[PDB]
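Engineer: Attaching a single structure in structure tokens format; questions to follow.
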Amino acid sequence: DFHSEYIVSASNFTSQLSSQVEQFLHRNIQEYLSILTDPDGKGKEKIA
Amino acid sequence: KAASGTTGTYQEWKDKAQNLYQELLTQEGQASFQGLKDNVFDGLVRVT
Amino acid sequence: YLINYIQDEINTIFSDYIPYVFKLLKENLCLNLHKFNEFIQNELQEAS
């Protein structure tokens with residue numbers, strides 16, 4: 001009984017915590033797209 | 001005077017930076033090199 | 001041609017295949033945990 005009780009919680013927390021990696025990967029994908037995009041403009045305002 | 005001159009020069013050179021960004025995008029697209037290959041192949045045929 | 005092809009392939013793979021691999025890992029983890037629970041239940045029954 002203790003083993004089953006531990007297994008259910010372990011699986012639930014594994015599934016829940018493991019899903020956070022995908023969100024961080026999506027943020028990294030956004031950063032990758034941003035770098036693929038060329039910057040422009042805002043530098044002049046900052047230097048002024 | 002020094003600050004004014006520096007800002008002027010930076011703003012002047014900001015444009016060519018964006019032109020180079022466009023050229024870099026074209027290069028990543030690999031659309032400006034095949035012509036050089038064709039030219040060198042033609043020269044090779046002529047020399048041969 | 002193949003340079004641009006591989007560039008596009010990597011750009012697609014980073015944003016598409018990586019989350020799927022993470023999901024595969026998560027699913028395998030949960031499945032193995034549940035199978036572990038089943039096997040330990042059987043072994044404990046036999047021991048009892």
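Chain labels A, B, ... are given in the sequence in which chains occur in the structure tokens; within each chain residues are numbered consecutively from 1, and ligands are likewise numbered from 1 in the order shown.
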Using only C-alpha atoms, find each residue in chain C having at least one atom no more than 7 Å away from chain A; report its shortest atom-to-atom pair and that distance in Å (one decimal), rows by chain then rising number, as a Markdown table.

Structural biologist:
```
| residue | atom | partner | partner_atom | distance |
| --- | --- | --- | --- | --- |
| C:15 | CA | A:29 | CA | 6.0 |
| C:19 | CA | A:22 | CA | 5.8 |
| C:26 | CA | A:18 | CA | 6.2 |
| C:30 | CA | A:11 | CA | 5.4 |
| C:33 | CA | A:11 | CA | 6.7 |
| C:37 | CA | A:7 | CA | 6.5 |
```

Engineer: Please report, as JSON lines, each residue of chain C lying at most 12 Å from chain B, together with the nearest pair of atoms and the separation in Å rounded to one decimal; use only C-alpha atoms, and order rows by chain and ascending residue number.

Structural biologist:
```
{"residue": "C:1", "atom": "CA", "partner": "B:30", "partner_atom": "CA", "distance": 7.7}
{"residue": "C:2", "atom": "CA", "partner": "B:30", "partner_atom": "CA", "distance": 9.7}
{"residue": "C:3", "atom": "CA", "partner": "B:30", "partner_atom": "CA", "distance": 7.5}
{"residue": "C:4", "atom": "CA", "partner": "B:30", "partner_atom": "CA", "distance": 6.1}
{"residue": "C:5", "atom": "CA", "partner": "B:29", "partner_atom": "CA", "distance": 9.6}
{"residue": "C:6", "atom": "CA", "partner": "B:29", "partner_atom": "CA", "distance": 11.1}
{"residue": "C:7", "atom": "CA", "partner": "B:28", "partner_atom": "CA", "distance": 8.1}
{"residue": "C:8", "atom": "CA", "partner": "B:29", "partner_atom": "CA", "distance": 9.3}
{"residue": "C:11", "atom": "CA", "partner": "B:28", "partner_atom": "CA", "distance": 11.9}
```

Engineer: Quick one: write out the picked residues with N, CA, C and O atoms as a PDB file, in the first residue's frame?

Structural biologist:
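Written file, result-v5.pdb:
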```pdb
ATOM      1  N   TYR C   1      22.790  24.503 -52.744  1.00  0.00           N
ATOM      2  CA  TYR C   1      21.429  24.210 -52.304  1.00  0.00           C
ATOM      3  C   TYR C   1      21.413  23.518 -50.945  1.00  0.00           C
ATOM      4  O   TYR C   1      20.593  23.855 -50.078  1.00  0.00           O
ATOM      5  N   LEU C   2      22.305  22.547 -50.743  1.00  0.00           N
ATOM      6  CA  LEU C   2      22.259  21.745 -49.527  1.00  0.00           C
ATOM      7  C   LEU C   2      22.582  22.573 -48.288  1.00  0.00           C
ATOM      8  O   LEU C   2      22.115  22.246 -47.193  1.00  0.00           O
ATOM      9  N   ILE C   3      23.358  23.648 -48.436  1.00  0.00           N
ATOM     10  CA  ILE C   3      23.649  24.508 -47.290  1.00  0.00           C
ATOM     11  C   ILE C   3      22.365  25.142 -46.770  1.00  0.00           C
ATOM     12  O   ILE C   3      22.060  25.087 -45.571  1.00  0.00           O
ATOM     13  N   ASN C   4      21.585  25.748 -47.667  1.00  0.00           N
ATOM     14  CA  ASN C   4      20.316  26.333 -47.256  1.00  0.00           C
ATOM     15  C   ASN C   4      19.357  25.258 -46.763  1.00  0.00           C
ATOM     16  O   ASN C   4      18.592  25.480 -45.815  1.00  0.00           O
ATOM     17  N   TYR C   5      19.383  24.082 -47.397  1.00  0.00           N
ATOM     18  CA  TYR C   5      18.521  22.992 -46.955  1.00  0.00           C
ATOM     19  C   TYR C   5      18.810  22.622 -45.505  1.00  0.00           C
ATOM     20  O   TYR C   5      17.891  22.493 -44.690  1.00  0.00           O
ATOM     21  N   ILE C   6      20.088  22.449 -45.164  1.00  0.00           N
ATOM     22  CA  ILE C   6      20.445  22.058 -43.803  1.00  0.00           C
ATOM     23  C   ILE C   6      20.170  23.197 -42.828  1.00  0.00           C
ATOM     24  O   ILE C   6      19.783  22.960 -41.677  1.00  0.00           O
ATOM     25  N   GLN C   7      20.372  24.447 -43.257  1.00  0.00           N
ATOM     26  CA  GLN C   7      20.012  25.578 -42.405  1.00  0.00           C
ATOM     27  C   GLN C   7      18.534  25.527 -42.034  1.00  0.00           C
ATOM     28  O   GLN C   7      18.166  25.632 -40.855  1.00  0.00           O
ATOM     29  N   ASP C   8      17.672  25.356 -43.036  1.00  0.00           N
ATOM     30  CA  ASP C   8      16.241  25.267 -42.769  1.00  0.00           C
ATOM     31  C   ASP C   8      15.925  24.058 -41.900  1.00  0.00           C
ATOM     32  O   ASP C   8      15.075  24.129 -41.004  1.00  0.00           O
ATOM     33  N   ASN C  11      16.850  24.854 -38.300  1.00  0.00           N
ATOM     34  CA  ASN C  11      15.929  25.844 -37.754  1.00  0.00           C
ATOM     35  C   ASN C  11      14.596  25.198 -37.403  1.00  0.00           C
ATOM     36  O   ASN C  11      13.996  25.499 -36.364  1.00  0.00           O
TER      37      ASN C  11
END
```

Engineer: Do me a favour and pick out the residues of chain A within 10 Å of chain B, using only C-alpha atoms, as an MDAnalysis selection string.

Structural biologist: chainID A and resid 36:41 43:45 47:48

Engineer: Would you mind exporting the chosen residues as a compact mmCIF listing (two decimals), in the first residue's frame, restricted to N, CA, C and O atoms?

Structural biologist:
```
# COMPACT_ATOMS: atom_id res chain seq x y z
N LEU A 36 17.80 35.40 -34.86
CA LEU A 36 17.69 35.27 -36.31
C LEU A 36 17.20 36.57 -36.93
O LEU A 36 17.54 36.90 -38.07
N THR A 37 16.39 37.33 -36.19
CA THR A 37 15.93 38.63 -36.66
C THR A 37 17.03 39.67 -36.48
O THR A 37 17.75 39.67 -35.48
N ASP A 38 17.14 40.57 -37.45
CA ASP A 38 18.18 41.60 -37.40
C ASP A 38 17.72 42.77 -36.53
O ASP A 38 16.57 43.20 -36.63
N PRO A 39 18.59 43.31 -35.68
CA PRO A 39 18.23 44.49 -34.90
C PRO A 39 18.37 45.77 -35.71
O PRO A 39 19.00 45.79 -36.77
N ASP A 40 17.79 46.84 -35.18
CA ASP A 40 17.81 48.12 -35.88
C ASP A 40 17.17 49.20 -35.02
O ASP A 40 16.38 48.92 -34.11
N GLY A 41 17.53 50.45 -35.31
CA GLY A 41 16.82 51.60 -34.80
C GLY A 41 17.14 52.03 -33.38
O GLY A 41 17.73 53.10 -33.18
N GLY A 43 19.19 51.72 -31.14
CA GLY A 43 20.50 52.17 -30.70
C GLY A 43 20.66 53.67 -30.73
O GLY A 43 21.27 54.26 -29.84
N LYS A 44 20.11 54.32 -31.76
CA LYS A 44 20.24 55.77 -31.88
C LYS A 44 19.56 56.49 -30.72
O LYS A 44 20.11 57.46 -30.17
N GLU A 45 18.37 56.03 -30.32
CA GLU A 45 17.70 56.62 -29.17
C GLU A 45 18.53 56.46 -27.90
O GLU A 45 18.67 57.41 -27.12
N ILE A 47 21.81 56.08 -27.62
CA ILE A 47 23.00 56.92 -27.64
C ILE A 47 22.64 58.38 -27.44
O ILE A 47 23.39 59.12 -26.79
N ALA A 48 21.51 58.83 -27.98
CA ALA A 48 21.08 60.20 -27.71
C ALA A 48 20.81 60.40 -26.22
O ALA A 48 21.21 61.43 -25.65
```

Engineer: From a DSSP pass on the backbone, collect the residues of chain A flagged as alpha helix (DSSP H) and hand them back as a PyMOL selection string.

Structural biologist: chain A and resi 2-18+20-36+42-47
